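J.: Once you've had a glance at the structure underneath, I'll fire off some questions.
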Amino acid sequence: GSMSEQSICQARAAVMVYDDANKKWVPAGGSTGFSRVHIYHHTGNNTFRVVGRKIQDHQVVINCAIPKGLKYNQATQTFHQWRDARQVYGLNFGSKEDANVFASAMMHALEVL
Ligand SMILES: CC(=O)N[C@@H](Cc1ccccc1Cl)C(=O)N1CCC[C@]12C=C[C@@H]1CC[C@@H](C(=O)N3CC[C@@H]4C=C[C@H]5[C@H](C)C[C@@H](C(=O)O)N5C(=O)[C@H]43)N1C2=O
Ligand SMILES: CC(=O)N[C@@H](Cc1ccccc1Cl)C(=O)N1CCC[C@]12C=C[C@@H]1CC[C@@H](C(=O)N3CC[C@@H]4C=C[C@H]5[C@H](C)C[C@@H](C(=O)O)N5C(=O)[C@H]43)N1C2=O
Ligand SMILES: CC(=O)N[C@@H](Cc1ccccc1Cl)C(=O)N1CCC[C@]12C=C[C@@H]1CC[C@@H](C(=O)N3CC[C@@H]4C=C[C@H]5[C@H](C)C[C@@H](C(=O)O)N5C(=O)[C@H]43)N1C2=O
């Protein structure tokens with residue numbers, strides 16, 4: 001059930017997607033602002049996903065599988081990004097610590113997939 005899926009990291013970040021047509025970053029879910037972003041581990045099938053919800057109103061702005069082999073790119077010390085088939089995601093972290101802790105947890109997840 002639900003309890004077999006566990007959060008293994010959370011951080012504060014503004015979630016963005018790249019508008020491939022207009023060549024600009026846009027807020028995930030339509031409104032710019034900070035979200036609480038988790039990496040969840042489904043222990044039964046050993047899969048991971050990233051889920052983020054806006055802090056002010058809990059809107060779900062990202063719910064993204066993390067497949068085996070995903071390339072997680074640290075573009076700057078506070079902006080990280082990865083590819084999904086439908087769009088590129090970016091996380092603008094609220095602090096360097098948020099970014100580094102999230103990235104480490106992501107790299108650990110990628111190495112156990
Ligand atoms: C913040 C947090 O995780 N608290 C958990 C804390 C906790 C407590 C006990 C053990 C484990 C955990 Cl981790 C929580 O208190 N509980 C209460 C029981 C349930 C849960 C426990 C585990 C799962 C993990 C995953 C998350 C969940 O349910 N999530 C994430 C947001 C995501 C968003 C929307 C909905 C969508 C409508 C449908 C579906 C969709 O995304 O398809 N879905 C979701 O999947 C929604 N769980 C929980 O919330
Ligand atoms: C597999 C996959 O990645 N699929 C993507 C979506 C996708 C499918 C096919 C091709 C490309 C893409 Cl990109 C996905 O699921 N993504 C992309 C990031 C966001 C989301 C992740 C989670 C949440 C859960 C809720 C839902 C959501 O956000 N929906 C539903 C549609 C509905 C329409 C409009 C907007 C309105 C502007 C504001 C608000 C309003 O109605 O108030 N709203 C919404 O509520 C909007 N999510 C998503 O779409
Ligand atoms: C091979 C591959 O897939 N490559 C991807 C990246 C990637 C590599 C490996 C694995 C996965 C991925 Cl995903 C790629 O290159 N992609 C995917 C997204 C589009 C982009 C393509 C072109 C542009 C060029 C510029 C850069 C960009 O977007 N950058 C630069 C840093 C800079 C920092 C912050 C944000 C700021 C919050 C808003 C805005 C601002 O500064 O105004 N901004 C930015 O401008 C941000 N691009 C990209 O990243």
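Residue numbering restarts at 1 in every chain; chains get A, B, ... in the order shown in the structure tokens, and ligands count up from 1 in that same order.
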Within 8 Å of stretch 91-93 of chain A, counting only C-alpha atoms, which residues show up once you throw out same-chain ones fewer than 5 positions away? Write them as a compact mmCIF listing (two decimals) with N, CA and C atoms, in the first residue's frame, please.

T.:
```txt
# COMPACT_ATOMS: atom_id res chain seq x y z
N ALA A 11 13.29 18.95 -0.35
CA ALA A 11 13.97 20.23 -0.49
C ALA A 11 12.98 21.27 -0.97
N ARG A 12 13.36 22.53 -0.83
CA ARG A 12 12.57 23.65 -1.31
C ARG A 12 13.16 24.14 -2.62
N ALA A 13 12.33 24.19 -3.66
CA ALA A 13 12.78 24.62 -4.96
C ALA A 13 11.58 25.12 -5.76
N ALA A 14 11.85 26.06 -6.66
CA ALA A 14 10.86 26.47 -7.65
C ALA A 14 11.00 25.57 -8.86
N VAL A 15 9.90 24.93 -9.27
CA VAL A 15 9.90 23.94 -10.32
C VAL A 15 9.52 24.62 -11.63
N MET A 16 10.32 24.38 -12.65
CA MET A 16 10.14 25.00 -13.96
C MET A 16 10.17 23.93 -15.03
N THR A 78 22.77 26.25 -7.93
CA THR A 78 21.41 26.21 -7.42
C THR A 78 20.36 25.84 -8.44
N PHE A 79 20.70 25.60 -9.70
CA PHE A 79 19.74 25.23 -10.73
C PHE A 79 20.15 23.88 -11.32
N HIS A 80 19.29 22.87 -11.12
CA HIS A 80 19.54 21.54 -11.65
C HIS A 80 18.39 21.15 -12.57
N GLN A 81 18.61 20.16 -13.43
CA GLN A 81 17.64 19.89 -14.49
C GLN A 81 17.77 18.44 -14.96
N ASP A 98 20.04 23.04 0.00
CA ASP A 98 18.92 22.31 -0.59
C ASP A 98 19.38 21.62 -1.87
N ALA A 99 20.07 22.36 -2.74
CA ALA A 99 20.50 21.81 -4.03
C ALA A 99 21.44 20.63 -3.84
```

J.: Please identify the strand (DSSP E) residues within stretch 79-110 of chain A (assignment by DSSP from backbone atoms) and present them as a list in words.

T.: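 Going through stretch 79-110 of chain A, the strand (DSSP E) residues come out as residues 79, 80, 81, 82, 83, 88, 89, 90, 91, 92 and 93 of chain A.
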
J.: For the selection you just gave me, I'd like the residues written to a file as a PDB file, in the first residue's frame, keeping N, CA and C atoms.

T.:
```pdb
ATOM      1  N   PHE A  79      20.704  25.597  -9.699  1.00  0.00           N
ATOM      2  CA  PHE A  79      19.742  25.229 -10.735  1.00  0.00           C
ATOM      3  C   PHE A  79      20.147  23.885 -11.323  1.00  0.00           C
ATOM      4  N   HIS A  80      19.294  22.871 -11.125  1.00  0.00           N
ATOM      5  CA  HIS A  80      19.542  21.536 -11.645  1.00  0.00           C
ATOM      6  C   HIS A  80      18.393  21.154 -12.573  1.00  0.00           C
ATOM      7  N   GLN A  81      18.605  20.156 -13.430  1.00  0.00           N
ATOM      8  CA  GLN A  81      17.636  19.886 -14.489  1.00  0.00           C
ATOM      9  C   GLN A  81      17.770  18.444 -14.957  1.00  0.00           C
ATOM     10  N   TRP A  82      16.692  17.923 -15.542  1.00  0.00           N
ATOM     11  CA  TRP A  82      16.746  16.612 -16.169  1.00  0.00           C
ATOM     12  C   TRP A  82      15.679  16.529 -17.248  1.00  0.00           C
ATOM     13  N   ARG A  83      15.816  15.509 -18.096  1.00  0.00           N
ATOM     14  CA  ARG A  83      14.900  15.290 -19.207  1.00  0.00           C
ATOM     15  C   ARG A  83      13.807  14.291 -18.860  1.00  0.00           C
ATOM     16  N   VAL A  88      11.571  19.087 -20.358  1.00  0.00           N
ATOM     17  CA  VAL A  88      12.696  19.225 -19.445  1.00  0.00           C
ATOM     18  C   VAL A  88      12.220  19.918 -18.179  1.00  0.00           C
ATOM     19  N   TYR A  89      12.607  19.359 -17.033  1.00  0.00           N
ATOM     20  CA  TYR A  89      12.338  19.933 -15.724  1.00  0.00           C
ATOM     21  C   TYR A  89      13.574  20.660 -15.203  1.00  0.00           C
ATOM     22  N   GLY A  90      13.327  21.761 -14.517  1.00  0.00           N
ATOM     23  CA  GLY A  90      14.360  22.476 -13.804  1.00  0.00           C
ATOM     24  C   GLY A  90      13.910  22.735 -12.382  1.00  0.00           C
ATOM     25  N   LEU A  91      14.873  22.697 -11.465  1.00  0.00           N
ATOM     26  CA  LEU A  91      14.658  23.027 -10.059  1.00  0.00           C
ATOM     27  C   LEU A  91      15.597  24.173  -9.711  1.00  0.00           C
ATOM     28  N   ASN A  92      15.019  25.301  -9.319  1.00  0.00           N
ATOM     29  CA  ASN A  92      15.757  26.446  -8.807  1.00  0.00           C
ATOM     30  C   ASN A  92      15.652  26.372  -7.289  1.00  0.00           C
ATOM     31  N   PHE A  93      16.701  25.861  -6.665  1.00  0.00           N
ATOM     32  CA  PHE A  93      16.652  25.587  -5.246  1.00  0.00           C
ATOM     33  C   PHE A  93      16.732  26.858  -4.433  1.00  0.00           C
TER      34      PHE A  93
END
```

J.: For residue A:46, find every residue with an atom within 9 Å (counting only C-alpha atoms), except residues of its own chain fewer than 3 positions away, and show them as a list in words.

T.: residues 41, 42, 43, 112 and 113 of chain A

J.: How would the residues just chosen look if you wrote them out with C-alpha atoms as a tab-separated table (two decimals), in the first residue's frame?

T.:
```
chain	number	residue	atom	x	y	z
A	41	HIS	CA	11.09	5.45	-3.23
A	42	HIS	CA	8.62	2.65	-4.02
A	43	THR	CA	10.31	-0.11	-2.07
A	112	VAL	CA	20.43	1.68	-6.66
A	113	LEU	CA	17.96	1.54	-9.56
```

J.: Give me the residues of chain A that have any atom at most 10 Å from an atom of ligand 1; for each, the nearest atom pair and the distance in Å, rounded to one decimal. Use only C-alpha atoms and all ligand atoms, sort by chain and number, and format it as JSON lines.

T.:
```
{"residue": "A:1", "atom": "CA", "partner": "ligand 1", "partner_atom_place_in_ligand_line": "22 (C)", "distance": 8.1}
{"residue": "A:2", "atom": "CA", "partner": "ligand 1", "partner_atom_place_in_ligand_line": "22 (C)", "distance": 4.4}
{"residue": "A:3", "atom": "CA", "partner": "ligand 1", "partner_atom_place_in_ligand_line": "10 (C)", "distance": 4.1}
{"residue": "A:4", "atom": "CA", "partner": "ligand 1", "partner_atom_place_in_ligand_line": "11 (C)", "distance": 6.8}
{"residue": "A:5", "atom": "CA", "partner": "ligand 1", "partner_atom_place_in_ligand_line": "24 (C)", "distance": 4.8}
{"residue": "A:6", "atom": "CA", "partner": "ligand 1", "partner_atom_place_in_ligand_line": "13 (Cl)", "distance": 4.1}
{"residue": "A:7", "atom": "CA", "partner": "ligand 1", "partner_atom_place_in_ligand_line": "13 (Cl)", "distance": 4.6}
{"residue": "A:8", "atom": "CA", "partner": "ligand 1", "partner_atom_place_in_ligand_line": "13 (Cl)", "distance": 8.2}
{"residue": "A:10", "atom": "CA", "partner": "ligand 1", "partner_atom_place_in_ligand_line": "1 (C)", "distance": 9.5}
{"residue": "A:36", "atom": "CA", "partner": "ligand 1", "partner_atom_place_in_ligand_line": "1 (C)", "distance": 9.0}
{"residue": "A:37", "atom": "CA", "partner": "ligand 1", "partner_atom_place_in_ligand_line": "1 (C)", "distance": 9.5}
{"residue": "A:38", "atom": "CA", "partner": "ligand 1", "partner_atom_place_in_ligand_line": "3 (O)", "distance": 7.9}
{"residue": "A:39", "atom": "CA", "partner": "ligand 1", "partner_atom_place_in_ligand_line": "3 (O)", "distance": 9.6}
{"residue": "A:40", "atom": "CA", "partner": "ligand 1", "partner_atom_place_in_ligand_line": "24 (C)", "distance": 6.7}
{"residue": "A:41", "atom": "CA", "partner": "ligand 1", "partner_atom_place_in_ligand_line": "24 (C)", "distance": 8.3}
{"residue": "A:42", "atom": "CA", "partner": "ligand 1", "partner_atom_place_in_ligand_line": "24 (C)", "distance": 8.2}
{"residue": "A:49", "atom": "CA", "partner": "ligand 1", "partner_atom_place_in_ligand_line": "41 (O)", "distance": 9.5}
{"residue": "A:50", "atom": "CA", "partner": "ligand 1", "partner_atom_place_in_ligand_line": "30 (C)", "distance": 9.1}
{"residue": "A:51", "atom": "CA", "partner": "ligand 1", "partner_atom_place_in_ligand_line": "31 (C)", "distance": 6.1}
{"residue": "A:52", "atom": "CA", "partner": "ligand 1", "partner_atom_place_in_ligand_line": "31 (C)", "distance": 7.3}
{"residue": "A:53", "atom": "CA", "partner": "ligand 1", "partner_atom_place_in_ligand_line": "31 (C)", "distance": 7.4}
{"residue": "A:58", "atom": "CA", "partner": "ligand 1", "partner_atom_place_in_ligand_line": "33 (C)", "distance": 8.9}
{"residue": "A:59", "atom": "CA", "partner": "ligand 1", "partner_atom_place_in_ligand_line": "33 (C)", "distance": 8.7}
{"residue": "A:60", "atom": "CA", "partner": "ligand 1", "partner_atom_place_in_ligand_line": "33 (C)", "distance": 6.2}
{"residue": "A:61", "atom": "CA", "partner": "ligand 1", "partner_atom_place_in_ligand_line": "33 (C)", "distance": 9.4}
{"residue": "A:62", "atom": "CA", "partner": "ligand 1", "partner_atom_place_in_ligand_line": "33 (C)", "distance": 9.1}
{"residue": "A:63", "atom": "CA", "partner": "ligand 1", "partner_atom_place_in_ligand_line": "41 (O)", "distance": 6.4}
{"residue": "A:64", "atom": "CA", "partner": "ligand 1", "partner_atom_place_in_ligand_line": "41 (O)", "distance": 9.3}
```

J.: Please identify all polymer residues within 10 Å of residue A:106, counting only C-alpha atoms, omitting same-chain residues fewer than 2 positions from it, and present them as a PyMOL selection string.

T.: chain A and resi 8-9+39+48-50+66+70+72+100-104+108-111

J.: Between atom 33 (C, counted along the ligand's line) of ligand 2 and atom CA of residue A:28, what is the distance in Å, rounded to a tenth?

T.: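 Straight-line distance from atom 33 (C, counted along the ligand's line) of ligand 2 to atom CA of residue A:28 works out to 11.2 Å.
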
J.: Give me, please, the distance in Å between atom 8 (C, counted along the ligand's line) of ligand 2 and atom CA of residue A:44, quoted to one decimal.

T.: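 Taking atom 8 (C, counted along the ligand's line) of ligand 2 as the start and atom CA of residue A:44 as the end point, the length is 25.6 Å.
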
J.: Excluding residue A:87 and residues on its chain fewer than 5 positions from it, collect all residues at most 9 Å away from it, counting only C-alpha atoms, and give them as a PyMOL selection string.

T.: chain A and resi 17-20+82
